[PDB]
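Engineer: This is input18.pdb, which holds PDB, C-alpha atoms:
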ATOM      1  CA  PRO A1333     -82.327 -22.777-111.125
ATOM      2  CA  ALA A1334     -81.693 -19.951-113.565
ATOM      3  CA  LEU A1335     -83.218 -16.497-113.270
ATOM      4  CA  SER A1336     -86.720 -16.860-114.669
ATOM      5  CA  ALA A1337     -89.995 -15.049-114.254
ATOM      6  CA  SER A1338     -93.436 -14.962-115.840
ATOM      7  CA  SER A1339     -93.916 -11.357-116.914
ATOM      8  CA  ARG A1340     -91.511  -8.442-116.946
ATOM      9  CA  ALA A1341     -93.464  -6.874-114.058
ATOM     10  CA  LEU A1342     -91.628  -9.193-111.677
ATOM     11  CA  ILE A1343     -88.228  -8.808-113.353
ATOM     12  CA  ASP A1344     -88.430  -5.035-112.990
ATOM     13  CA  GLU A1345     -89.552  -5.583-109.402
ATOM     14  CA  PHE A1346     -86.595  -7.870-108.694
ATOM     15  CA  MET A1347     -84.124  -5.280-109.952
ATOM     16  CA  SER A1348     -85.664  -2.506-107.847
ATOM     17  CA  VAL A1349     -85.773  -4.391-104.547
ATOM     18  CA  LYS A1350     -83.772  -7.589-104.119
ATOM     19  CA  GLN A1351     -84.529  -8.223-100.442
ATOM     20  CA  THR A1352     -88.211  -7.326-100.067
ATOM     21  CA  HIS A1353     -89.416  -8.411-103.494
ATOM     22  CA  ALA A1354     -92.044 -11.018-104.102
ATOM     23  CA  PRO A1355     -91.166 -14.499-105.320
ATOM     24  CA  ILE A1356     -94.837 -15.344-105.983
ATOM     25  CA  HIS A1357     -97.403 -12.868-107.316
ATOM     26  CA  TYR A1358    -101.110 -13.734-107.852
ATOM     27  CA  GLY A1359    -100.624 -16.140-110.720
ATOM     28  CA  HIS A1360     -97.242 -14.824-111.697
ATOM     29  CA  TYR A1361     -94.012 -16.237-110.374
ATOM     30  CA  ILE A1362     -90.298 -15.444-110.326
ATOM     31  CA  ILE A1363     -87.357 -17.649-109.364
ATOM     32  CA  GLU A1364     -84.156 -16.151-108.000
ATOM     33  CA  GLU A1365     -81.039 -17.541-109.646
ATOM     34  CA  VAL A1366     -79.033 -19.496-107.086
ATOM     35  CA  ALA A1367     -75.842 -20.742-108.699
ATOM     36  CA  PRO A1368     -72.094 -20.942-108.089
ATOM     37  CA  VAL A1369     -71.402 -18.137-110.566
ATOM     38  CA  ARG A1370     -73.208 -15.238-108.906
ATOM     39  CA  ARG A1371     -74.000 -13.204-111.996
ATOM     40  CA  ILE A1372     -74.133  -9.417-111.743
ATOM     41  CA  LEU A1373     -77.306  -8.102-113.369
ATOM     42  CA  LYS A1374     -77.643  -4.582-114.753
ATOM     43  CA  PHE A1375     -80.872  -3.030-116.026
ATOM     44  CA  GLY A1376     -80.236   0.588-116.844
ATOM     45  CA  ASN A1377     -78.786   1.983-113.648
ATOM     46  CA  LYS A1378     -80.438  -0.471-111.269
ATOM     47  CA  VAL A1379     -77.982  -3.259-110.446
ATOM     48  CA  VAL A1380     -78.247  -6.277-108.147
ATOM     49  CA  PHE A1381     -75.731  -8.831-106.925
TER      50      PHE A1381
ATOM     51  CA  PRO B1333     -90.206 -24.621 -81.911
ATOM     52  CA  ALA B1334     -89.220 -24.887 -85.562
ATOM     53  CA  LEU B1335     -90.141 -22.660 -88.505
ATOM     54  CA  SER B1336     -93.741 -23.684 -88.985
ATOM     55  CA  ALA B1337     -96.074 -21.693 -91.186
ATOM     56  CA  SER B1338     -99.667 -22.071 -92.256
ATOM     57  CA  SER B1339     -99.034 -20.914 -95.829
ATOM     58  CA  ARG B1340     -96.254 -20.369 -98.289
ATOM     59  CA  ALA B1341     -97.024 -16.647 -98.160
ATOM     60  CA  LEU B1342     -95.924 -16.238 -94.565
ATOM     61  CA  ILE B1343     -92.648 -18.032 -95.349
ATOM     62  CA  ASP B1344     -92.007 -15.856 -98.365
ATOM     63  CA  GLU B1345     -92.771 -12.683 -96.419
ATOM     64  CA  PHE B1346     -90.701 -13.789 -93.422
ATOM     65  CA  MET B1347     -87.780 -14.265 -95.785
ATOM     66  CA  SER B1348     -88.291 -10.744 -97.120
ATOM     67  CA  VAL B1349     -88.628  -8.646 -93.995
ATOM     68  CA  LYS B1350     -87.263  -9.885 -90.701
ATOM     69  CA  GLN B1351     -87.838  -7.294 -87.981
ATOM     70  CA  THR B1352     -91.379  -6.619 -89.228
ATOM     71  CA  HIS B1353     -92.722  -9.971 -90.377
ATOM     72  CA  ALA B1354     -96.256 -10.902 -89.412
ATOM     73  CA  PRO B1355     -96.447 -13.446 -86.584
ATOM     74  CA  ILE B1356    -100.226 -13.862 -86.754
ATOM     75  CA  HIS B1357    -102.103 -13.225 -89.980
ATOM     76  CA  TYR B1358    -105.877 -13.408 -90.515
ATOM     77  CA  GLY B1359    -106.066 -17.164 -90.119
ATOM     78  CA  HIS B1360    -102.472 -18.200 -90.700
ATOM     79  CA  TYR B1361     -99.476 -18.102 -88.416
ATOM     80  CA  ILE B1362     -95.713 -18.399 -88.541
ATOM     81  CA  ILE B1363     -93.409 -19.465 -85.708
ATOM     82  CA  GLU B1364     -89.923 -18.011 -85.230
ATOM     83  CA  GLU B1365     -87.182 -20.467 -84.297
ATOM     84  CA  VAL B1366     -85.632 -20.057 -80.860
ATOM     85  CA  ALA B1367     -83.556 -23.198 -81.307
ATOM     86  CA  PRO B1368     -80.075 -23.495 -79.757
ATOM     87  CA  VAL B1369     -78.613 -24.010 -83.197
ATOM     88  CA  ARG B1370     -79.086 -21.129 -85.642
ATOM     89  CA  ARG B1371     -79.480 -22.077 -89.295
ATOM     90  CA  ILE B1372     -79.219 -19.691 -92.193
ATOM     91  CA  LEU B1373     -82.223 -20.211 -94.457
ATOM     92  CA  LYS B1374     -80.956 -19.950 -98.029
ATOM     93  CA  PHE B1375     -84.103 -19.127-100.001
ATOM     94  CA  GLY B1376     -83.085 -17.925-103.428
ATOM     95  CA  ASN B1377     -80.722 -15.216-102.263
ATOM     96  CA  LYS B1378     -82.761 -14.021 -99.261
ATOM     97  CA  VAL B1379     -81.080 -15.393 -96.139
ATOM     98  CA  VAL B1380     -82.192 -14.773 -92.555
ATOM     99  CA  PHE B1381     -80.060 -15.033 -89.379
TER     100      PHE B1381
ATOM    101  CA  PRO C 396     -64.875 -39.073 -77.768
ATOM    102  CA  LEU C 397     -65.367 -35.233 -77.685
ATOM    103  CA  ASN C 398     -67.218 -35.168 -81.074
ATOM    104  CA  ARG C 399     -70.538 -35.976 -79.356
ATOM    105  CA  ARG C 400     -74.078 -35.891 -80.719
ATOM    106  CA  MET C 401     -76.358 -33.623 -78.733
ATOM    107  CA  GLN C 402     -79.978 -34.144 -79.754
ATOM    108  CA  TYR C 403     -82.648 -31.535 -79.083
ATOM    109  CA  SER C 404     -86.408 -31.649 -79.507
ATOM    110  CA  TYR C 405     -88.512 -29.543 -81.854
ATOM    111  CA  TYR C 406     -92.266 -29.118 -81.885
ATOM    112  CA  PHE C 407     -94.850 -27.230 -83.891
ATOM    113  CA  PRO C 408     -98.646 -27.231 -84.206
ATOM    114  CA  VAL C 409    -100.455 -28.201 -87.394
ATOM    115  CA  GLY C 410    -103.845 -26.794 -88.309
ATOM    116  CA  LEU C 411    -104.679 -24.504 -85.406
ATOM    117  CA  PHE C 412    -107.474 -21.938 -85.329
ATOM    118  CA  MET C 413    -107.326 -18.282 -84.367
ATOM    119  CA  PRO C 414    -110.210 -16.780 -82.370
ATOM    120  CA  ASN C 415    -112.972 -14.927 -84.180
ATOM    121  CA  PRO C 416    -111.774 -11.285 -83.775
ATOM    122  CA  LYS C 417    -109.119 -11.852 -86.419
ATOM    123  CA  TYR C 418    -106.508  -9.299 -87.451
ATOM    124  CA  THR C 419    -103.204  -8.887 -89.266
ATOM    125  CA  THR C 420    -100.011  -7.029 -88.415
ATOM    126  CA  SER C 421     -98.837  -6.880 -92.025
ATOM    127  CA  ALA C 422     -99.245  -4.829 -95.170
ATOM    128  CA  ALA C 423     -97.840  -6.713 -98.162
ATOM    129  CA  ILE C 424     -99.880  -9.911 -97.913
ATOM    130  CA  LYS C 425    -103.149 -10.144 -99.844
ATOM    131  CA  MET C 426    -104.936 -13.488-100.042
ATOM    132  CA  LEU C 427    -107.829 -14.016-102.457
ATOM    133  CA  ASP C 428    -110.176 -15.375 -99.815
ATOM    134  CA  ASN C 429    -112.755 -14.317 -97.301
ATOM    135  CA  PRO C 430    -110.429 -13.634 -94.351
ATOM    136  CA  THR C 431    -112.869 -14.392 -91.554
ATOM    137  CA  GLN C 432    -113.553 -17.879 -92.966
ATOM    138  CA  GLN C 433    -110.072 -19.317 -93.438
ATOM    139  CA  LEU C 434    -108.112 -21.733 -91.275
ATOM    140  CA  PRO C 435    -104.974 -23.764 -91.976
ATOM    141  CA  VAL C 436    -104.919 -27.408 -92.933
ATOM    142  CA  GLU C 437    -101.190 -28.081 -93.491
ATOM    143  CA  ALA C 438     -97.985 -26.862 -91.872
ATOM    144  CA  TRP C 439     -94.872 -25.909 -93.812
ATOM    145  CA  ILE C 440     -91.524 -26.922 -92.334
ATOM    146  CA  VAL C 441     -88.076 -25.966 -93.570
ATOM    147  CA  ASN C 442     -85.786 -28.977 -93.950
ATOM    148  CA  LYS C 443     -82.130 -29.374 -93.039
ATOM    149  CA  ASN C 444     -81.117 -28.443 -96.591
TER     150      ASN C 444
ATOM    151  CA  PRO D 396     -54.340 -25.371-117.769
ATOM    152  CA  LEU D 397     -55.429 -23.413-114.696
ATOM    153  CA  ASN D 398     -58.097 -21.756-116.872
ATOM    154  CA  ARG D 399     -60.545 -24.646-116.900
ATOM    155  CA  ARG D 400     -64.198 -24.811-117.844
ATOM    156  CA  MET D 401     -66.847 -25.665-115.281
ATOM    157  CA  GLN D 402     -70.142 -26.805-116.782
ATOM    158  CA  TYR D 403     -73.273 -26.183-114.744
ATOM    159  CA  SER D 404     -76.742 -27.305-115.733
ATOM    160  CA  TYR D 405     -79.386 -24.608-115.442
ATOM    161  CA  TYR D 406     -83.090 -25.398-115.408
ATOM    162  CA  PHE D 407     -86.212 -23.279-115.143
ATOM    163  CA  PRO D 408     -89.911 -24.073-115.547
ATOM    164  CA  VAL D 409     -92.380 -22.242-117.759
ATOM    165  CA  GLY D 410     -96.173 -22.036-117.829
ATOM    166  CA  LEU D 411     -96.794 -23.201-114.280
ATOM    167  CA  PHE D 412     -99.986 -22.663-112.327
ATOM    168  CA  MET D 413    -100.466 -21.634-108.730
ATOM    169  CA  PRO D 414    -102.988 -23.209-106.359
ATOM    170  CA  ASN D 415    -106.427 -21.617-106.328
ATOM    171  CA  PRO D 416    -105.944 -19.676-103.059
ATOM    172  CA  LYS D 417    -103.747 -17.096-104.754
ATOM    173  CA  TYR D 418    -101.717 -14.765-102.564
ATOM    174  CA  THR D 419     -99.213 -12.012-103.192
ATOM    175  CA  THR D 420     -96.290 -10.651-101.232
ATOM    176  CA  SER D 421     -95.518  -7.370-102.979
ATOM    177  CA  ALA D 422     -98.004  -4.575-102.378
ATOM    178  CA  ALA D 423     -96.407  -2.423-105.097
ATOM    179  CA  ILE D 424     -97.059  -4.337-108.325
ATOM    180  CA  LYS D 425    -100.593  -4.135-109.652
ATOM    181  CA  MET D 426    -101.512  -5.666-112.990
ATOM    182  CA  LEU D 427    -104.422  -4.195-114.919
ATOM    183  CA  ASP D 428    -106.339  -7.451-115.366
ATOM    184  CA  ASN D 429    -108.115 -10.112-113.342
ATOM    185  CA  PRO D 430    -105.932 -11.776-110.698
ATOM    186  CA  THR D 431    -107.932 -14.967-110.237
ATOM    187  CA  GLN D 432    -107.790 -16.238-113.837
ATOM    188  CA  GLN D 433    -104.150 -15.222-114.239
ATOM    189  CA  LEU D 434    -101.584 -17.750-115.423
ATOM    190  CA  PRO D 435     -98.339 -17.254-117.350
ATOM    191  CA  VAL D 436     -97.710 -18.265-120.923
ATOM    192  CA  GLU D 437     -93.948 -17.729-121.126
ATOM    193  CA  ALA D 438     -90.827 -17.180-119.047
ATOM    194  CA  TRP D 439     -88.559 -14.168-119.282
ATOM    195  CA  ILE D 440     -84.924 -15.019-118.613
ATOM    196  CA  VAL D 441     -81.706 -13.009-118.717
ATOM    197  CA  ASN D 442     -78.750 -13.491-121.027
ATOM    198  CA  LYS D 443     -75.053 -13.210-120.299
ATOM    199  CA  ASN D 444     -75.329  -9.613-121.539
TER     200      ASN D 444
END
Go through the file and emit its structure as C-alpha cells.
Structural biologist:
Amino acid sequence: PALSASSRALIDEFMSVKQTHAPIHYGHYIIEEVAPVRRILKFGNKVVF
Amino acid sequence: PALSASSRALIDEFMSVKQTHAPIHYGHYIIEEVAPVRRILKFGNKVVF
Amino acid sequence: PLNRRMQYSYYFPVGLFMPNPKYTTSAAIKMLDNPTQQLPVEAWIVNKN
Amino acid sequence: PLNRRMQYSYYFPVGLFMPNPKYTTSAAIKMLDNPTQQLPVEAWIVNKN
C-alpha cells in the first residue's frame, strides 16, 4: 500500500507525529506506506522515515 | 490471552501509545498479550514490542 | 529431533459487558455514540501475519 | 548488471466509507464541518519528489 490519505489534514498530521498519529479519523482515513523501499518524506522542515 | 479488542479504535490507539494505552474504555476493552512468544505487530510503520 | 513443536493455548472473551459506572483512562479516543449505552458485539484478533 | 530494476506494485483505495459508529484517535485535528456525514472524495498521495 502506497502513502494515501483523504484530506491534507491527515497528511500534515502524519508528518508532525509519526508514532502517535491517527490512521482513521471520523470519516477520513490515512494509510501508512509499508514497502521495501522505505521512502524518506520531507514537507518543509518536518521529515519522517 | 491474545490481543483481543472490542473495536478497531482500541487497536489503533494501542499501536500509537504503548505505556499509556487504555485497557478499559467506556464499553470497549483491549487485552495485552502476556504470551511466552513475543510478536512484533507491524501495523503500517507503528510496531510494538 | 531437537526442532520440536511446543504448542501453547490462547484465550480471549468476545462480547463482554462492563458494569454501569463506566469510565475511560484515555484522552485521544472519541466515539460518536452514547457512551453509557454501548457494548461490544465482535472481537478483533491480530493474525500470525 | 548489478544495478538492476525491482518493480513493485503499489495500490491505494480512494473514496471509501467508514462504518456508522465513527471514532477518532487523534485529539488534535478538528475539521470545521459535520463529522457524521463526512466521507472523502479523493486521495492525496505523495510523489517521488
Engineer: Step by step, work through what the PyMOL selection byres ((chain A and resi 1365) around 9) selects in the shown file, and finish by giving those residues as a CSV table (one decimal) with C-alpha atoms, in the frame of the given file.
Structural biologist:
chain,number,residue,atom,x,y,z
A,1333,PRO,CA,-82.3,-22.8,-111.1
A,1334,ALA,CA,-81.7,-20.0,-113.6
A,1335,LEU,CA,-83.2,-16.5,-113.3
A,1336,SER,CA,-86.7,-16.9,-114.7
A,1363,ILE,CA,-87.4,-17.6,-109.4
A,1364,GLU,CA,-84.2,-16.2,-108.0
A,1366,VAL,CA,-79.0,-19.5,-107.1
A,1367,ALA,CA,-75.8,-20.7,-108.7
A,1370,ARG,CA,-73.2,-15.2,-108.9
A,1371,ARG,CA,-74.0,-13.2,-112.0
B,1376,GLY,CA,-83.1,-17.9,-103.4
B,1377,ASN,CA,-80.7,-15.2,-102.3
Engineer: Could you tell me which residues the ChimeraX specification (/B :<7) & /C grabs in this file, written as a PyMOL selection string?
Structural biologist: chain C and resi 405-407+412-413+417-421+430+433-435+437-441
Engineer: Create the file for the chosen residues now, containing C-alpha atoms and written as an mmCIF file, in the coordinates of the input.
Structural biologist:
data_model
loop_
_atom_site.group_PDB
_atom_site.id
_atom_site.type_symbol
_atom_site.label_atom_id
_atom_site.label_comp_id
_atom_site.auth_asym_id
_atom_site.auth_seq_id
_atom_site.Cartn_x
_atom_site.Cartn_y
_atom_site.Cartn_z
ATOM 1 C CA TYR C 405 -88.512 -29.543 -81.854
ATOM 2 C CA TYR C 406 -92.266 -29.118 -81.885
ATOM 3 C CA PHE C 407 -94.850 -27.230 -83.891
ATOM 4 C CA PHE C 412 -107.474 -21.938 -85.329
ATOM 5 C CA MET C 413 -107.326 -18.282 -84.367
ATOM 6 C CA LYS C 417 -109.119 -11.852 -86.419
ATOM 7 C CA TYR C 418 -106.508 -9.299 -87.451
ATOM 8 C CA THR C 419 -103.204 -8.887 -89.266
ATOM 9 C CA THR C 420 -100.011 -7.029 -88.415
ATOM 10 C CA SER C 421 -98.837 -6.880 -92.025
ATOM 11 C CA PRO C 430 -110.429 -13.634 -94.351
ATOM 12 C CA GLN C 433 -110.072 -19.317 -93.438
ATOM 13 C CA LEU C 434 -108.112 -21.733 -91.275
ATOM 14 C CA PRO C 435 -104.974 -23.764 -91.976
ATOM 15 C CA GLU C 437 -101.190 -28.081 -93.491
ATOM 16 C CA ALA C 438 -97.985 -26.862 -91.872
ATOM 17 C CA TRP C 439 -94.872 -25.909 -93.812
ATOM 18 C CA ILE C 440 -91.524 -26.922 -92.334
ATOM 19 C CA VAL C 441 -88.076 -25.966 -93.570
#
Engineer: Taking all C-alpha atoms matched one to one in order, superimpose chain C on chain D and note the resulting RMSD in Å.
Structural biologist: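 Between chain D and chain C, the C-alpha RMSD is 0.5 Å.
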Engineer: Hey, could you make a per-residue contact list for chain C against chain D with 6 Å as the cut-off, showing the nearest pair of atoms and its distance in Å to one decimal, counting only C-alpha atoms, sorted by chain and number, as JSON lines?
Structural biologist:
{"residue": "C:423", "atom": "CA", "partner": "D:422", "partner_atom": "CA", "distance": 4.7}
{"residue": "C:424", "atom": "CA", "partner": "D:420", "partner_atom": "CA", "distance": 4.9}
{"residue": "C:425", "atom": "CA", "partner": "D:419", "partner_atom": "CA", "distance": 5.5}
{"residue": "C:426", "atom": "CA", "partner": "D:418", "partner_atom": "CA", "distance": 4.3}
{"residue": "C:427", "atom": "CA", "partner": "D:417", "partner_atom": "CA", "distance": 5.6}
Engineer: If I take CA of residue 443 (chain D) and CA of residue 444 (chain C), how far is one from the other in Å, to one decimal?
Structural biologist: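 According to the coordinates, CA of residue 443 (chain D) and CA of residue 444 (chain C) are separated by 28.8 Å.
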